[PDB]
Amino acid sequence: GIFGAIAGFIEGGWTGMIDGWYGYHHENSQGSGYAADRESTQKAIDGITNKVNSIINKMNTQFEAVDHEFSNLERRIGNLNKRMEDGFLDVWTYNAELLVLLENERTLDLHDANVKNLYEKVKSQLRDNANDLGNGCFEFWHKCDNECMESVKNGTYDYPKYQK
């Protein structure tokens, strides 16, 4: 990824997390467990459903060939017709294949950046109260229960409190 995250410094993915695209794996005294960040997930989901539906929508026309026949002295207009039909066929084939390639590239880059930005979202909150390993895991200095983790998750982590 161009944002360095997916198959980058975060070297792989959790088959464990089955309820979202991006999320969390906490680790504390009550236990661990996976849980997805529903917000940035639903954002990605809406944006990409949008991409797909816009692509399908723009592609909702058909050039239409015809069974018309041409005599022996109509070779020229016959050939004209063939060249036209093949022509249009060629440009629509090109448009489709190219658009698919390009869009896939940018879709992947999108996922990558969303991950990177979630990581940043966290690090920005926890600044001194933890240790950045550099593989996208954070090690606390203090204690974090469930109402603690939850506050990081729903973005309301009180840094003053745990800074001492």
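The numbering used is simple: start at 1 and walk along the sequence shown.
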Item checked: Between 12-20 and 142-150 (mean CA B-factor, as deposited), the higher -> 142-150
Check: So 42-50 or 60-68, which one's hotter by mean CA B-factor in the entry?
Finding: 42-50
Next item on the list: Could you say whether, by C-alpha temperature factor, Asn95 belongs to the lowest, middle or highest third of its chain?
Entry: lowest
Next item on the list: Relative to the other modelled residues of the same chain, rank the CA B-factor of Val115 and answer lowest, middle or highest third.
Entry: middle
Checklist line | Third of chain Cα B-factors occupied by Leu126 | finding: highest
Next item on the list: Report the third (lowest, middle or highest) to which the CA temperature factor of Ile55 belongs, ranking only the modelled residues of the same chain.
Entry: lowest
Checklist line | Where the record places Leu101 (Cα B-factor, split into thirds across the chain) | finding: lowest
